[PDB]
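A short write-up of the structure that comes next.
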Amino acid sequence: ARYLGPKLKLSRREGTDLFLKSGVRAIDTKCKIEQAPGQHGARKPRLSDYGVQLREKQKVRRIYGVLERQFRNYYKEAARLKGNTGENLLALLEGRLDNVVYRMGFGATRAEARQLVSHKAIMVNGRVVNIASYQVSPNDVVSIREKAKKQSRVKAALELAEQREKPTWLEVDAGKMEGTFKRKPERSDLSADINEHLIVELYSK
Amino acid sequence: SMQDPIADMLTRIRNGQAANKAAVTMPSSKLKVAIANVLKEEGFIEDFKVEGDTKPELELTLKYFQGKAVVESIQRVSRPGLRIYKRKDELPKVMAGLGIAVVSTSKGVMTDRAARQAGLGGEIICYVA
Amino acid sequence: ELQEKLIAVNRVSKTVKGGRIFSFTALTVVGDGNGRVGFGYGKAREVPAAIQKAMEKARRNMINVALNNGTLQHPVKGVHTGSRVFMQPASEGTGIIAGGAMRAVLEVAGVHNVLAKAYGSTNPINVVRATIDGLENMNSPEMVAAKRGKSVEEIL
Amino acid sequence: XXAXXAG
Amino acid sequence: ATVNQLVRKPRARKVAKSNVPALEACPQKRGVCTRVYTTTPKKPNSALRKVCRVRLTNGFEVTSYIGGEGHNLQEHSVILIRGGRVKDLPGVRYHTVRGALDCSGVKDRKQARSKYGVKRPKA
Amino acid sequence: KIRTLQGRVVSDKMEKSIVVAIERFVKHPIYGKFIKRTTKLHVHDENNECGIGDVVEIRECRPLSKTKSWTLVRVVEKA
RNA sequence: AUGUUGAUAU
RNA sequence: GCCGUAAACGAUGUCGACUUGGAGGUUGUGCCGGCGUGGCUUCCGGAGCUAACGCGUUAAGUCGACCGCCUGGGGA
RNA sequence: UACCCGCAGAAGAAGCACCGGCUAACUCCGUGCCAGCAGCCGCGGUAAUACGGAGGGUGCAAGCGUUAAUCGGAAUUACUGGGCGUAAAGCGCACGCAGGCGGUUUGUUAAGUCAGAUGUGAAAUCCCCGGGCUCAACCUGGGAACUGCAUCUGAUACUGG
RNA sequence: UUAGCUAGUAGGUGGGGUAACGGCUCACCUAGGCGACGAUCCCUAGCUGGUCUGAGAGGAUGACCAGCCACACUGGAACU
Ligand SMILES: [K+]
Ligand SMILES: [Mg+2]
Ligand SMILES: [Mg+2]
Ligand SMILES: [Mg+2]
Ligand SMILES: [Mg+2]
Ligand SMILES: [Mg+2]
Ligand SMILES: [Mg+2]
Ligand SMILES: [Mg+2]
Ligand SMILES: [Mg+2]
Ligand SMILES: [Mg+2]
Ligand SMILES: [Mg+2]
Ligand SMILES: [Mg+2]
Ligand SMILES: [Mg+2]
Ligand SMILES: [Mg+2]
Ligand SMILES: [Mg+2]
Ligand SMILES: [Mg+2]
Ligand SMILES: [Mg+2]
Ligand SMILES: [Mg+2]
Ligand SMILES: [Mg+2]
Ligand SMILES: [Mg+2]
Ligand SMILES: [Mg+2]
Ligand SMILES: [Mg+2]
Ligand SMILES: [Mg+2]
Ligand SMILES: [Mg+2]
Ligand SMILES: [Mg+2]
Ligand SMILES: [Mg+2]
Ligand SMILES: [Mg+2]
């Protein structure tokens, strides 16, 4: 129930940085980011409509580290909830605690943030939550626990967060090591690279 | 034999429009005239007129706009072989409200718009669009 | 400016004394994305030239669709040959719910939200023709008001 | 026949 | 059909038919091999395809295919059959399950091992 | 008002009983056409007034015989 | 006047 | 007297209404060789329809009523 | 017992199917219409992306495949929503009982039809807005819904009498 | 590719019977009653809320949960 394999070959397949390394150095220096993985990597075959849709869904999944069953449930939810289904889906994925812990800047990667949550180093409005998929709601404080504040992982991550673009929907304090989930991110707040309608098509077919 | 004079009127209009006829003349009846009013008031036909006593003849004057005939379609709905009656909540919107359904309600023949407003259902005579 | 889309490439054959002469057909659609759409069908011995021929024909044979805020005015039925298409206006954020041939016509035409179904033959050429036949004979309130000799709010 | 052709 | 005709005689649905009637809506059935033999496929194929006539627990006699390279079935071998025709053996509507009951798994198989009843190589 | 049905008399041969056909008229559940659907009732006719042809009003009551749980109210029309 | 046939797969 | 079937065919059910034309054939009739007006019929063809071929006021067009019939090839 | 606290150490914890097209994923070797594959089309006859293995890859993941079974796609029984010159389909032709359908005007009736009201349509389930289990599944508050049925009272255009 | 079925049968009168209406039963009378709107006969089947699928209309289904029915080795009978 997690991908434990090599992280860059995921990125190389998608042909795009999925932030599965910390960003201490460029992805270009760590791998051949241009080339897809394996023997027939340099080959770039003509991709079908299904293949385009698939690769888009697999991109978004691989960023947030969601496996297919759980991802499909998010789609079903996003479709159920009112509004545009595609932007609903990305909202649900941003709402995940392991993502929120990454976005604030406590994990270097989302898999590190997932290790933080998993290992009972995170609190949400006081209480310890060790579920990666937990939906962090608006006006919720997320916090490092006092034993976990001494970790070098958290401080080092908080430095990398400054180099990254700041989420407008999160207000964080690096000193106290806690941040508010102010509001649900709009589609504008999230990246324009993700083509959510392709994912909607993929599950709508 | 002749067993649906309404379908016959609709067909005379449909055919007459296709044949770029100025006017179409059928044998008259109260219900035909009632429909002719709704088609006049909604602006599908131009005018009508009954003429005669023993055998009255209805005479619809047909409309054409920019060359084309105004009645795009005109479909019998309720027919002798299968009567269609709808409640007020289930009245049909023809062409998303851009066309009419002619409805015989307890308060006379009228559009489905007028029937919705009057809070009545009834027999769905035809669609026009 | 124009969204060009390739729907179908097909290999076709005439027989001669020598044997079979193969050639390529390309079916394309072009549109502005604001209710102007045209299909083109081009034949050549090579696929590129068939496509280039299809695109050139498509640009010269565009028609005007009277759209309503990125969806249809009303339900429409198109027919061509064995293709019977049905298309219905949808709510915002529906997307195009359509098969691949109809999808391409509707995307380039500028229909964002629509429920479509192709009944009968799903032959790409005839489906495209039935769809565009549908779109071009879709009435707006304004032209309905015009023909009936009323105002738009009398109609609506 | 010929126990099974065209030459 | 007129409405009055349908009122008098409604639409009958296409009845539909099993391609695996001897299973009697069961995922598998057991049986006993009466004959184990080879047979030649129809055109355009050529082979000696390994089949067995089988008497099922429910009394039906069927031919079943034995898939994979090599098998250990003789007459009076107890085997498990499942649905699945062999396209180029007319009459063969079932496959034997390799590695169920007396039918062995395929020797020295490495890929699609679950399909051929082969336990995982010890690595 | 008291609940009554109305129907034609189809048999009067029983002593102090009639058979009454209640003609209903029903939209067909599938095909939408309106269909005549009879329902016959054995009906108590004390005095033996009614004959075949007559329209009659009838009301439900206690069982009177094996087949009768309906009584004559009035003859609406005669033949 | 008559005047047969052309193995299998590809 | 029986049989009860045929590529028993227009491979096109019956009845009714409506919808540009042209050239004939046949059989009435009215008005004065012409000018109408009915019936039945052959060929062409327009819109429309049709997968196409074609059909096209004697529709396979546009409609209504009722009936008959079809539901992959074989097995039949 | 849930839960909390402490300890030690990455320690105790990844497979299954697939990669000719449909369908995301390709090469080498072996085999040589054999052995075998196959949902459908098909593949294998000595240079096999289709067999078998390997390397690489794709998809799912404590599951993954296969088989069985239902609906869908199938407007392929077509009420919504199909056909019948030649594709399957007009009885060989008629008369005609039951049945279906019925020109036009007025009155009347109120069966169909329509309108309103009332009663009923168990709870659960589904759906919506909330709440509670760290989350979720799950549990649960209130609603909506239950498209129906009956009764009563009106309407009278249309259909019936 | 089941067209006729039915003599307590259908109705009446009176007596008996049941907690209760009733051919529930009996005697007598009448000759009815059911059926192409499918009786009778044959096969299959517990029914429903629902469930699965479906855009819907439908199609399929009735395991768990809840309502109703039926049965308790087989056949029959009453007693309390
Ligand atoms: K010979
Ligand atoms: Mg799981
Ligand atoms: Mg088709
Ligand atoms: Mg020859
Ligand atoms: Mg015959
Ligand atoms: Mg014939
Ligand atoms: Mg012609
Ligand atoms: Mg591919
Ligand atoms: Mg080789
Ligand atoms: Mg299946
Ligand atoms: Mg269907
Ligand atoms: Mg068909
Ligand atoms: Mg033939
Ligand atoms: Mg034929
Ligand atoms: Mg005939
Ligand atoms: Mg006759
Ligand atoms: Mg009438
Ligand atoms: Mg009434
Ligand atoms: Mg909660
Ligand atoms: Mg509730
Ligand atoms: Mg309820
Ligand atoms: Mg009347
Ligand atoms: Mg007595
Ligand atoms: Mg009784
Ligand atoms: Mg049973
Ligand atoms: Mg459907
Ligand atoms: Mg059932």
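Quick note on labels: first sequence line is chain A, next is B, and so on, each numbered from 1.
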Could you run down the sub-3.5 Å N/O contacts of the protein with nucleotides 126-130 of chain I?
unit_1	atom_1	unit_2	atom_2	d
I:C128	OP1	A:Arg80	NH1	2.9
I:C129	OP1	A:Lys82	NZ	3.4

Which protein N or O atoms sit under 3.5 Å from an N or O of nucleotides 20-24 of chain J?
unit_1	atom_1	unit_2	atom_2	d
J:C21	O3'	F:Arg62	NE	3.3
J:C21	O3'	F:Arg62	NH2	3.4
J:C21	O2'	F:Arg62	NE	3.4
J:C21	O2'	F:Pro63	N	3.4
J:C21	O2'	F:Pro63	O	2.5
J:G22	OP1	F:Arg62	NH2	2.7
J:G22	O3'	F:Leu64	O	3.4
J:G22	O2'	F:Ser65	O	3.3
J:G22	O2'	F:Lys66	N	3.4

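OP1 or OP2 of I:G57 has not a single side-chain nitrogen or oxygen of A:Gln39 nearer than 4.0 Å. The shortest distance between the side-chain N/O atoms of E:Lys50 and the OP1/OP2 oxygens of I:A35 is below 4.0 Å. Taking side-chain N and O atoms only, E:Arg8 has no distance below 4.0 Å to OP1 or OP2 of J:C37. OP1 or OP2 of I:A24 has at least one side-chain nitrogen or oxygen of A:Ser48 nearer than 4.0 Å. Using a 4.0 Å cut-off, some side-chain N or O of E:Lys115 falls inside it from OP1 or OP2 of I:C18. F:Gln6 has no side-chain polar atom (N or O) that falls below the 4.0 Å cut-off from OP1 or OP2 of I:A111. OP1 and OP2 of I:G52 both lie 4.0 Å or more from every side-chain N or O belonging to E:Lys110. Between E:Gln28 and the phosphate of I:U67, there is no side-chain N or O to OP1/OP2 separation shorter than 4.0 Å. Contact check, A:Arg61 against I:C60: a side-chain N or O comes under 4.0 Å of OP1 or OP2. The phosphate of I:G81 (OP1 or OP2) has no side-chain N or O of F:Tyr31 nearer than 4.0 angstrom. Between A:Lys9 and I:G57, a side-chain N or O to OP1/OP2 separation shorter than 4.0 Å is present. For the OP1/OP2 pair of H:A65 and a distance below 4.0 Å, the side-chain nitrogens and oxygens of B:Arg79 include at least one atom meeting the criterion.
Base pairing analysis places J:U25 opposite J:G15; the two distances defining the Watson-Crick or G-U wobble pair are each below 3.5 Å. Nucleotide I:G39 forms a pair with I:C22, judged by Watson-Crick or G-U wobble geometry with both contacts under 3.5 Å. If you check I:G116 for Watson-Crick or wobble pairing at under 3.5 angstrom, you find it paired to I:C152. Taking a pair to require two hydrogen-bonding distances under 3.5 Å in either a Watson-Crick or a G-U wobble arrangement, I:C138 pairs with I:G132.
Taken as a pair, I:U156 and I:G112 do not qualify under the rule of Watson-Crick (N1-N3 plus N6-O4 or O6-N4) or G-U wobble (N1-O2 and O6-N3), both under 3.5 Å. Judged by Watson-Crick and G-U wobble geometry, where both atom pairs must sit under 3.5 Å apart, I:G63 and I:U120 do not count as a base pair. Base pair annotation for I:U58 with I:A17: paired, by the Watson-Crick or G-U wobble rule (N1-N3 plus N6-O4 or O6-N4, or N1-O2 plus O6-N3, under 3.5 Å). H:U20 and H:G45 make neither a Watson-Crick nor a G-U wobble pair with both donor-acceptor distances under 3.5 Å.
Judged by distance alone, with hydrogens and angles left aside, B:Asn15 brings no side-chain donor or acceptor close enough to the base of H:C63 to form a pair under 3.5 Å. Judged by distance alone with a 3.5 Å cut-off, a donor-acceptor contact links the side chain of E:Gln5 to the base of H:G68.
Between the B:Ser78 side chain and the B:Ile84 main chain, a donor and an acceptor come within less than 3.5 Å of each other.
Using a 4.0 Å cutoff on non-hydrogen atoms, the parts of residues 80-89 of chain B near RNA chain H are B:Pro80, B:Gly81, ordered by number.
Taking the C1' atoms as reference points, J:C34 lies 9 Å from J:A10, given to the whole Å.
Within a 6.0 Å radius of NZ in A:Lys147, other residues, nucleotides and ligands contribute more than 12 heavy atoms.
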